[PDB]
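Input: a single structure, listed below in structure tokens.
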Amino acid sequence: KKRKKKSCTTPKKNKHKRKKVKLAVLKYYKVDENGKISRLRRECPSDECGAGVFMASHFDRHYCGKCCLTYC
Amino acid sequence: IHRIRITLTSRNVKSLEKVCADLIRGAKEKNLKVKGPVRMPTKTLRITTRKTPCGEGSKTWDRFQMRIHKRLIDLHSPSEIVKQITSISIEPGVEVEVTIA
Amino acid sequence: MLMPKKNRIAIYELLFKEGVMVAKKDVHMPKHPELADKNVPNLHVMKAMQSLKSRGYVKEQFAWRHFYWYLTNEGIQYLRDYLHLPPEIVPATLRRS
Amino acid sequence: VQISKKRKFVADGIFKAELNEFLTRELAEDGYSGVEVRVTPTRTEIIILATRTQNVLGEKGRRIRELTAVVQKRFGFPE
Amino acid sequence: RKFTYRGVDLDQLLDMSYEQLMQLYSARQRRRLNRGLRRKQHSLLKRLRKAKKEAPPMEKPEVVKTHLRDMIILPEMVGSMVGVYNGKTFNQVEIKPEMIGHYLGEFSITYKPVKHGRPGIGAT
Amino acid sequence: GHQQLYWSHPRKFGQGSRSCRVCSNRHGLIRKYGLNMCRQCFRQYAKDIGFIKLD
RNA sequence: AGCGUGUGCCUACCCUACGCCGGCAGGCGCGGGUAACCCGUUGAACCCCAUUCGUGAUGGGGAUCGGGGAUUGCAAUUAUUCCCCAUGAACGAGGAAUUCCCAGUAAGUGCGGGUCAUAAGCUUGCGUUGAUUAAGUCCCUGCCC
RNA sequence: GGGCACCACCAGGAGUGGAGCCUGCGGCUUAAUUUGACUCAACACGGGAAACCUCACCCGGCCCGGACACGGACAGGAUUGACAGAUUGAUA
Ligand SMILES: [Mg+2]
Ligand SMILES: [Mg+2]
Ligand SMILES: [Mg+2]
Ligand SMILES: [Mg+2]
Ligand SMILES: [Mg+2]
Ligand SMILES: [Mg+2]
Ligand SMILES: [Mg+2]
Ligand SMILES: [Mg+2]
Ligand SMILES: [Mg+2]
Ligand SMILES: [Mg+2]
Ligand SMILES: [Mg+2]
Ligand SMILES: [Mg+2]
Ligand SMILES: [Mg+2]
Ligand SMILES: [Mg+2]
Ligand SMILES: [Mg+2]
Ligand SMILES: [Mg+2]
Ligand SMILES: [Mg+2]
Ligand SMILES: [Mg+2]
Ligand SMILES: [Mg+2]
Ligand SMILES: [Mg+2]
Ligand SMILES: [Mg+2]
Ligand SMILES: [Mg+2]
Ligand SMILES: [Mg+2]
Ligand SMILES: [Zn+2]
Ligand SMILES: [Zn+2]
């Protein structure tokens with residue numbers, strides 16, 4: 001027997017393309033003229049994600065991308 | 001002085017009987033008390049298969065067979081003399097097991 | 001193939017320590033028996049050894065279900081330069097004990 | 001625990017068959033003739049019969065020192 | 001005229017727990033419930049309940065589709081629209097009170113009934 | 001995720017949980033005495049294993 | 001009775017004695033066996049001795065269906081298998097044609113192994129009961145000199 | 001023109017071909033009802049007793065397990081995974 005093609009489905013299921021963001025570190029910190037630094041993003045309460053691993057400021061929740069911890 | 005049992009397992013009878021005779025002679029040369037060798041019933045493993053790698057032709061079968069023979073020897077003696085006589089006993093194809101009951 | 005760098009480090013360290021490698025050709029095996037407590041899947045070992053083979057660093061044999069890999073001289077040099085090992089370290093194979 | 005005598009003898013035969021196949025594939029180039037396994041409670045010795053032993057040994061004995069390694073890795077009995 | 005399942009009407013069935021319903025069912029359904037339901041069946045139940053809650057007071061609930069042909073029909077499913085996969089299409093089934101204790105796959109047939117044609121040359 | 005779905009189907013019994021120890025074929029398998037070979041591989045290696053034809 | 005199997009590299013899945021519960025399929029405990037050691041003195045079926053039936057598609061036969069219960073599995077519906085009540089079809093020895101077989105044989109009757117989580121109307125072996133006919137030919141079929 | 005054979009006959013036994021059912025093979029249906037084999041020397045044969053796997057057929061959806069070499073892009077980030085809501089047969 002020979003293989004039939006039958007090439008017809010939903011036109012194209014596209015693959016997710018990751019967003020390109022330039023200098024994402026900067027928006028985590030706010031700066032005053034005096035030289036102070038304030039951390040805009042919350043720090044996760046988990047063990048590993050404690051100091052430099054910031055959370056996600058979603059419109060209705062806080063989300064840590066490293067351990068899937070979520071808060072209201 | 002221990003009651004020591006030697007179990008000999010083999011696939012061919014000539015080597016097994018040669019080893020048993022060697023052990024008996026060696027032990028009796030030391031003026032020891034030997035019982036046996038007592039021969040257990042022979043075991044016969046059988047595998048029946050089809051000859052053809054496919055399912056075509058006359059239905060012919062191969063009958064493969066393996067035979068296992070077993071001997072027992074009893075000795076009233078200390079451990080050291082048994083190991084003395086056993087060291088020589090090493091033979092290709094014969095499994096020798098020494099136990100103290 | 002994508003894998004954490006520590007898995008590659010462990011595989012290469014084991015290979016350079018022993019000089020040989022054995023695998024079972026089982027992509028679904030949760031972890032390599034030899035690489036225990038380091039959590040290296042068997043698939044990672046297979047693919048890393050394949051990558052080494054394609055570059056000529058290891059020689060390969062296959063028997064009845066198993067992969068056997070031996071380390072080549074250029075593979076020895078590559079592993080020594082990769083792991084930053086001193087020139088006074090050789091695999092256990094190269095020692096006539 | 002332990003296994004029965006039937007399983008023990010079948011396992012020994014299967015081990016010998018696999019060892020022979022591996023040695024055949026490895027040493028066909030060297031005129032590999034056969035393998036003889038002598039089991040002793042101290043060590044299990046393997047005798048390789050081939051037309052020329054120089055290629056099997058290798059330089060300074062490297063190649064054979066490799067083989068006795070992978071065998072130990074394959075069947076798992078201790079170093 | 002009023003529906004009763006082994007002498008029990010629908011309201012009492014809806015009030016009963018799973019342990020009480022085990023004794024009403026037959027041996028197969030009782031054994032299945034004793035072995036427990038897994039995550040997928042609970043998800044299907046949750047989706048059916050959510051769909052039935054949002055129905056208008058005089059309208060039918062939205063059809064919920066599923067591949068679970070071995071799902072047992074519980075008394076809480078009566079009155080829901082379920083599309084059951086038969087391997088090719090989702091067949092729409094409305095759960096009636098007399099379906100309690102059957103499987104979902106018993107109501108979506110997996111083959112086309114045979115209408116025979118003229119036998120060919122190779123038949124003797 | 002994919003990690004859960006991939007190879008999730010249980011394989012603790014059946015033809016899918018057993019294969020030949022030489023060629024990884026699941027058909028015509030011999031399990032007696034723990035051989036775990038297909039019939040063709042067994043016929044190929046019987047003399048090496050130690051099965052002799054006497055009848 | 002006899003031949004055999006039994007706790008498995010991956011690999012999860014063994015054979016079961018005894019006590020109690022259930023009417024049965026089964027469920028609980030608690031032991032032995034890696035085996036001439038435990039299942040096991042393998043209390044097998046046909047066969048044998050009594051009882052009922054009485055030439056009636058009959059108490060022969062057991063297909064097809066209804067309602068219940070239990071086990072294997074992740075999952076039993078298009079019924080996995082098993083058990084219990086109920087239902088009770090054709091079939092009264094088979095046309096033309098055609099198969100196998102010469103002594104512990106043919107046939108009857110059970111029991112192991114393979115497949116096997118669940119598992120035999122198949123196959124491969126083993127016993128038990130045990131014959132009629134023949135010690136010839138080239139007529140049919142076929143193959144050689 | 002001879003010789004031989006119970007996969008030939010003769011003298012027989014048990015039969016099969018008839019019934020119900022179980023299983024293979026054709027047909028006919030189907031989205032698919034995967035496929036090999038057709039006189040002995042195909043048809044309870046492929047050790048083929050398939051609920052899933054087996055699986056090779058149909059419907060739908062993930063994954064790369066595309067080595068290595070060259071070029072591009074890249075620590076001002078090449079790429080990886082994921083909570084909620086939507087979506088989905090599905091907690092892909
Ligand atoms: Mg009647
Ligand atoms: Mg009757
Ligand atoms: Mg019923
Ligand atoms: Mg069907
Ligand atoms: Mg009845
Ligand atoms: Mg004829
Ligand atoms: Mg039988
Ligand atoms: Mg069976
Ligand atoms: Mg069959
Ligand atoms: Mg003639
Ligand atoms: Mg006649
Ligand atoms: Mg008959
Ligand atoms: Mg007849
Ligand atoms: Mg008939
Ligand atoms: Mg036909
Ligand atoms: Mg095909
Ligand atoms: Mg012929
Ligand atoms: Mg077929
Ligand atoms: Mg079946
Ligand atoms: Mg199903
Ligand atoms: Mg599936
Ligand atoms: Mg299938
Ligand atoms: Mg990728
Ligand atoms: Zn965190
Ligand atoms: Zn094979």
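Residues in the structure tokens are named by chain (A, B, ... in the order shown) and by number from 1 within that chain; ligands are numbered from 1 in the order shown.
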
Selection as a ChimeraX atom specification: residues within 9 Å of ligand 21 by only C-alpha atoms (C1' of nucleotides) and all ligand atoms: /F:9 /H:52-53

Selection export as a PDB file, in the first residue's frame, atoms kept: N, CA and C atoms (P, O5', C5', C4', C3', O3' and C1' of nucleotides):
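Result written to out_35.pdb:
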ATOM      1  N   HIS F   9       0.284   6.696  30.534  1.00  0.00           N
ATOM      2  CA  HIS F   9      -0.532   5.491  30.543  1.00  0.00           C
ATOM      3  C   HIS F   9       0.171   4.380  31.322  1.00  0.00           C
TER       4      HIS F   9
ATOM      5  P     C H  52      -7.941  -2.479  23.397  1.00  0.00           P
ATOM      6  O5'   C H  52      -7.765  -0.904  23.556  1.00  0.00           O
ATOM      7  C5'   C H  52      -8.442  -0.183  24.576  1.00  0.00           C
ATOM      8  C4'   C H  52      -7.482   0.597  25.436  1.00  0.00           C
ATOM      9  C3'   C H  52      -6.024   0.564  25.003  1.00  0.00           C
ATOM     10  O3'   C H  52      -5.736   1.510  23.988  1.00  0.00           O
ATOM     11  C1'   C H  52      -6.174   0.131  27.326  1.00  0.00           C
ATOM     12  P     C H  53      -4.691   1.171  22.816  1.00  0.00           P
ATOM     13  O5'   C H  53      -3.381   0.687  23.577  1.00  0.00           O
ATOM     14  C5'   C H  53      -2.400   1.613  24.023  1.00  0.00           C
ATOM     15  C4'   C H  53      -1.228   0.899  24.643  1.00  0.00           C
ATOM     16  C3'   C H  53      -0.418   0.022  23.697  1.00  0.00           C
ATOM     17  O3'   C H  53       0.600   0.755  23.040  1.00  0.00           O
ATOM     18  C1'   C H  53      -0.950  -1.189  25.668  1.00  0.00           C
TER      19        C H  53
END

Would you kindly return, as an MDAnalysis selection string, each protein, DNA or RNA residue with an atom no farther than 10 Å from any atom of residue 66 in chain D, considering only C-alpha atoms (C1' of nucleotides) and excluding same-chain residues fewer than 6 positions away? (chainID C and resid 18:20 69:71 92:94) or (chainID D and resid 57:58)

Could you name the residues that touch range 77-79 of chain D at 10 Å or less, counting only C-alpha atoms (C1' of nucleotides), but leaving out those on the same chain fewer than 2 positions away, as number ranges by chain? D: 43-44, 68-69, 71-75

Residue subset to file, keeping C-alpha atoms, as a CSV table (one decimal), in the first residue's frame:
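Written output follows (again.csv):
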chain,number,residue,atom,x,y,z
D,43,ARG,CA,36.9,-14.0,41.2
D,44,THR,CA,35.1,-14.9,38.0
D,68,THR,CA,36.9,-5.7,31.9
D,69,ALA,CA,35.5,-2.3,32.9
D,71,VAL,CA,31.6,-5.9,31.6
D,72,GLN,CA,31.6,-4.9,35.2
D,73,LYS,CA,29.4,-2.0,34.3
D,74,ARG,CA,27.1,-4.1,32.3
D,75,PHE,CA,26.2,-7.1,34.4

Find the residues of chain G in contact range of chain E, meaning any atom within 8 Å when counting only C-alpha atoms (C1' of nucleotides), and list them as a PDB file with N, CA and C atoms (P, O5', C5', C4', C3', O3' and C1' of nucleotides), in the first residue's frame.
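Here's the written file out35.pdb:
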ATOM      1  P     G G  69     -27.028  -6.367  43.090  1.00  0.00           P
ATOM      2  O5'   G G  69     -25.923  -7.378  43.619  1.00  0.00           O
ATOM      3  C5'   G G  69     -26.088  -8.040  44.862  1.00  0.00           C
ATOM      4  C4'   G G  69     -25.181  -9.235  44.976  1.00  0.00           C
ATOM      5  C3'   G G  69     -23.694  -8.965  44.829  1.00  0.00           C
ATOM      6  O3'   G G  69     -23.102  -8.434  46.001  1.00  0.00           O
ATOM      7  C1'   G G  69     -24.280 -10.843  43.533  1.00  0.00           C
ATOM      8  P     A G  70     -21.867  -7.414  45.887  1.00  0.00           P
ATOM      9  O5'   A G  70     -20.653  -8.323  45.398  1.00  0.00           O
ATOM     10  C5'   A G  70     -20.208  -9.406  46.197  1.00  0.00           C
ATOM     11  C4'   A G  70     -19.188 -10.267  45.496  1.00  0.00           C
ATOM     12  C3'   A G  70     -17.914  -9.590  45.038  1.00  0.00           C
ATOM     13  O3'   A G  70     -17.019  -9.344  46.109  1.00  0.00           O
ATOM     14  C1'   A G  70     -18.674 -11.089  43.371  1.00  0.00           C
ATOM     15  P     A G  75     -10.472   0.919  37.993  1.00  0.00           P
ATOM     16  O5'   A G  75     -11.380   0.979  36.689  1.00  0.00           O
ATOM     17  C5'   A G  75     -12.187   2.112  36.409  1.00  0.00           C
ATOM     18  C4'   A G  75     -12.405   2.268  34.927  1.00  0.00           C
ATOM     19  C3'   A G  75     -13.062   1.088  34.227  1.00  0.00           C
ATOM     20  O3'   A G  75     -14.476   1.117  34.322  1.00  0.00           O
ATOM     21  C1'   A G  75     -11.148   1.778  33.011  1.00  0.00           C
ATOM     22  P     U G  77     -20.158  -3.460  31.506  1.00  0.00           P
ATOM     23  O5'   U G  77     -20.820  -2.286  30.661  1.00  0.00           O
ATOM     24  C5'   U G  77     -22.218  -2.273  30.395  1.00  0.00           C
ATOM     25  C4'   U G  77     -22.522  -1.662  29.050  1.00  0.00           C
ATOM     26  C3'   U G  77     -22.083  -2.491  27.844  1.00  0.00           C
ATOM     27  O3'   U G  77     -22.998  -2.285  26.772  1.00  0.00           O
ATOM     28  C1'   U G  77     -21.006  -0.398  27.789  1.00  0.00           C
TER      29        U G  77
END

Using only C-alpha atoms (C1' of nucleotides) and all ligand atoms, what are the residues with an atom within 7 Å of ligand 19, set out as a list in words? residues 80 of chain G; 49 and 50 of chain H

Could you go through chain D and tell me which residues DSSP, when run on the backbone, assigns to strand (DSSP E), listing them as a VMD selection string? chain D and resid 32 to 39 44 to 50

Suppose we keep C-alpha atoms; can you now write the selection as a PDB file, in the first residue's frame?
ATOM      1  CA  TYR D  32      37.903 -13.745  18.052  1.00  0.00           C
ATOM      2  CA  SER D  33      37.293 -17.475  18.461  1.00  0.00           C
ATOM      3  CA  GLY D  34      35.511 -17.952  21.771  1.00  0.00           C
ATOM      4  CA  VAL D  35      35.003 -17.165  25.439  1.00  0.00           C
ATOM      5  CA  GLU D  36      35.375 -19.433  28.482  1.00  0.00           C
ATOM      6  CA  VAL D  37      33.997 -18.358  31.867  1.00  0.00           C
ATOM      7  CA  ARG D  38      35.417 -20.061  34.970  1.00  0.00           C
ATOM      8  CA  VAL D  39      33.465 -19.127  38.103  1.00  0.00           C
ATOM      9  CA  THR D  44      35.100 -14.902  37.997  1.00  0.00           C
ATOM     10  CA  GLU D  45      37.748 -15.373  35.302  1.00  0.00           C
ATOM     11  CA  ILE D  46      37.055 -14.909  31.590  1.00  0.00           C
ATOM     12  CA  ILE D  47      39.406 -16.436  29.010  1.00  0.00           C
ATOM     13  CA  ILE D  48      39.244 -14.954  25.507  1.00  0.00           C
ATOM     14  CA  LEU D  49      40.431 -17.227  22.695  1.00  0.00           C
ATOM     15  CA  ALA D  50      41.476 -15.317  19.569  1.00  0.00           C
TER      16      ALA D  50
END

Using only C-alpha atoms, determine which residues of chain C fall within 12 Å of chain D; present them as a ChimeraX atom specification. /C:15,18-24,33-34,59-72,91-97

Those residues you just picked out, can you put them in a file as a compact mmCIF listing (two decimals), in the first residue's frame with N, CA and C atoms?
# COMPACT_ATOMS: atom_id res chain seq x y z
N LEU C 15 32.51 10.07 32.99
CA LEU C 15 33.18 9.51 31.82
C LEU C 15 34.70 9.66 31.92
N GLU C 18 36.08 7.25 34.83
CA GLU C 18 36.15 5.83 34.49
C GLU C 18 36.85 5.59 33.16
N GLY C 19 36.53 6.38 32.13
CA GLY C 19 37.03 6.17 30.80
C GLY C 19 36.05 5.49 29.87
N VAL C 20 35.02 4.85 30.41
CA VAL C 20 34.02 4.12 29.63
C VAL C 20 32.64 4.50 30.14
N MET C 21 31.63 4.18 29.33
CA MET C 21 30.25 4.46 29.69
C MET C 21 29.35 3.36 29.15
N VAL C 22 28.32 3.01 29.91
CA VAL C 22 27.36 1.99 29.53
C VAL C 22 25.95 2.54 29.72
N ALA C 23 25.07 2.29 28.75
CA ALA C 23 23.68 2.70 28.86
C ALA C 23 22.79 1.59 28.32
N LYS C 24 21.49 1.68 28.61
CA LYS C 24 20.55 0.61 28.31
C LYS C 24 19.65 0.89 27.11
N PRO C 33 21.33 4.49 36.45
CA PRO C 33 21.74 3.78 37.67
C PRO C 33 23.06 4.28 38.24
N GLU C 34 24.04 4.51 37.36
CA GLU C 34 25.35 4.97 37.83
C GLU C 34 25.26 6.38 38.39
N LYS C 59 34.15 6.33 21.01
CA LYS C 59 33.85 5.22 20.11
C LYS C 59 32.70 4.40 20.70
N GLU C 60 31.84 3.88 19.82
CA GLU C 60 30.58 3.30 20.24
C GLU C 60 30.47 1.85 19.79
N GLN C 61 29.80 1.05 20.61
CA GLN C 61 29.39 -0.31 20.28
C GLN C 61 27.98 -0.52 20.82
N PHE C 62 27.23 -1.42 20.18
CA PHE C 62 25.89 -1.76 20.65
C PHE C 62 25.78 -3.27 20.74
N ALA C 63 25.28 -3.75 21.87
CA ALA C 63 25.18 -5.18 22.11
C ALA C 63 23.88 -5.52 22.81
N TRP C 64 22.97 -6.12 22.05
CA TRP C 64 21.83 -6.92 22.52
C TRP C 64 20.77 -6.05 23.18
N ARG C 65 21.11 -4.98 23.90
CA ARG C 65 20.21 -3.85 24.12
C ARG C 65 20.98 -2.61 24.56
N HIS C 66 22.30 -2.71 24.68
CA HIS C 66 23.07 -1.77 25.48
C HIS C 66 24.06 -1.00 24.63
N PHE C 67 24.29 0.24 25.02
CA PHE C 67 25.31 1.11 24.45
C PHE C 67 26.58 1.00 25.28
N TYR C 68 27.71 0.85 24.59
CA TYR C 68 29.03 0.86 25.21
C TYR C 68 29.84 1.95 24.54
N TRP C 69 30.50 2.79 25.34
CA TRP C 69 31.26 3.91 24.83
C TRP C 69 32.65 3.92 25.45
N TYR C 70 33.66 4.08 24.61
CA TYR C 70 35.05 4.17 25.03
C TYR C 70 35.60 5.55 24.69
N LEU C 71 36.53 6.03 25.51
CA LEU C 71 37.05 7.38 25.39
C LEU C 71 38.28 7.40 24.48
N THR C 72 38.29 8.33 23.54
CA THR C 72 39.39 8.50 22.59
C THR C 72 40.37 9.56 23.10
N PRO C 91 42.34 9.20 33.17
CA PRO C 91 41.30 8.23 33.54
C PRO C 91 41.90 6.93 34.04
N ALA C 92 41.07 6.18 34.77
CA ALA C 92 41.52 4.93 35.38
C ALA C 92 41.95 3.89 34.35
N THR C 93 41.46 4.00 33.11
CA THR C 93 41.87 3.07 32.07
C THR C 93 43.36 3.20 31.75
N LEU C 94 43.87 4.43 31.71
CA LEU C 94 45.24 4.69 31.29
C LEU C 94 46.27 4.37 32.37
N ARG C 95 45.87 3.78 33.49
CA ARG C 95 46.78 3.40 34.56
C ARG C 95 46.92 1.88 34.56
N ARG C 96 48.11 1.39 34.24
CA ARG C 96 48.35 -0.05 34.20
C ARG C 96 48.60 -0.53 35.62
N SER C 97 47.52 -0.86 36.32
CA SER C 97 47.59 -1.33 37.69
C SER C 97 47.63 -2.86 37.73

Could you tell me, counting only C-alpha atoms (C1' of nucleotides) and all ligand atoms, which protein and nucleic acid residues lie no more than 9 Å from ligand 1, written as a list in words?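 Checked against 9 Å with only C-alpha atoms (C1' of nucleotides) and all ligand atoms; the hits are residues 57, 58, 59, 60, 61 and 88 of chain G.
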
Go ahead and save the picked residues with C-alpha atoms (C1' of nucleotides), as a PDB file, in the first residue's frame.
ATOM      1  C1'   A G  57     -38.306 -32.928  22.036  1.00  0.00           C
ATOM      2  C1'   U G  58     -39.074 -36.310  28.257  1.00  0.00           C
ATOM      3  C1'   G G  59     -35.894 -35.136  34.561  1.00  0.00           C
ATOM      4  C1'   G G  60     -32.412 -35.905  26.781  1.00  0.00           C
ATOM      5  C1'   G G  61     -30.000 -30.988  24.876  1.00  0.00           C
ATOM      6  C1'   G G  88     -35.945 -23.451  27.619  1.00  0.00           C
TER       7        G G  88
END

Would you mind listing, as a compact mmCIF listing (two decimals) with N, CA, C and O atoms, in the first residue's frame, all residues of chain F that have at least one atom within 8 Å of chain D, where only C-alpha atoms are what counts?
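Output (result-v1.txt):
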# COMPACT_ATOMS: atom_id res chain seq x y z
N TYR F 33 10.72 -19.97 32.94
CA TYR F 33 12.04 -19.97 33.58
C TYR F 33 12.72 -18.61 33.50
O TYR F 33 13.94 -18.50 33.67
N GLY F 34 11.95 -17.56 33.24
CA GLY F 34 12.51 -16.22 33.13
C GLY F 34 13.46 -16.03 31.97
O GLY F 34 14.48 -15.35 32.10
N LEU F 35 13.14 -16.63 30.82
CA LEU F 35 13.97 -16.45 29.63
C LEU F 35 13.78 -15.06 29.03
O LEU F 35 14.76 -14.37 28.71
N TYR F 45 19.68 -18.76 20.06
CA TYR F 45 20.64 -18.83 21.16
C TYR F 45 20.48 -20.06 22.05
O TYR F 45 21.10 -20.12 23.12
N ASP F 48 23.73 -21.96 22.95
CA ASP F 48 24.55 -21.18 23.87
C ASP F 48 23.97 -21.20 25.27
O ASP F 48 24.72 -21.25 26.26
N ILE F 49 22.65 -21.16 25.39
CA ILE F 49 22.03 -21.19 26.72
C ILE F 49 22.18 -22.57 27.35
O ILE F 49 22.50 -22.69 28.54
N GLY F 50 21.97 -23.63 26.58
CA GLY F 50 22.15 -24.97 27.10
C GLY F 50 20.98 -25.92 26.90
O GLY F 50 20.87 -26.92 27.60

Expected answer as an MDAnalysis selection string: chain B residues within 7 Å of chain F, only C-alpha atoms: chainID B and resid 49 53 63:66

Got time to write the residues from that selection, C-alpha atoms, as a tab-separated table (two decimals), in the first residue's frame?
chain	number	residue	atom	x	y	z
B	49	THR	CA	8.57	-24.03	19.94
B	53	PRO	CA	10.02	-17.75	12.01
B	63	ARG	CA	11.55	-29.86	21.58
B	64	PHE	CA	14.52	-28.43	23.49
B	65	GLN	CA	15.49	-30.11	26.75
B	66	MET	CA	17.85	-29.35	29.64

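The closest residue to chain F, picked from G:42, G:133, G:109, G:72 and counting only C-alpha atoms (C1' of nucleotides), is G:72.
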
Find the residues near ligand 8. Use a cut-off of 9 Å, count only C-alpha atoms (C1' of nucleotides) and all ligand atoms, and write them as a PyMOL selection string. chain G and resi 113-116+119-120

Atom-to-atom span, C1' of residue 13 in chain H and atom 1 (Mg, counted along the ligand's line) of ligand 10, Å: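 A separation of 25.5 Å between them.
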
Can you work out which one of H:41, H:19, H:78, H:86 has the shortest atom-to-atom distance to ligand 13, counting only C-alpha atoms (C1' of nucleotides) and all ligand atoms?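 Once distances to ligand 13 are computed over only C-alpha atoms (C1' of nucleotides) and all ligand atoms, the minimum belongs to H:19.
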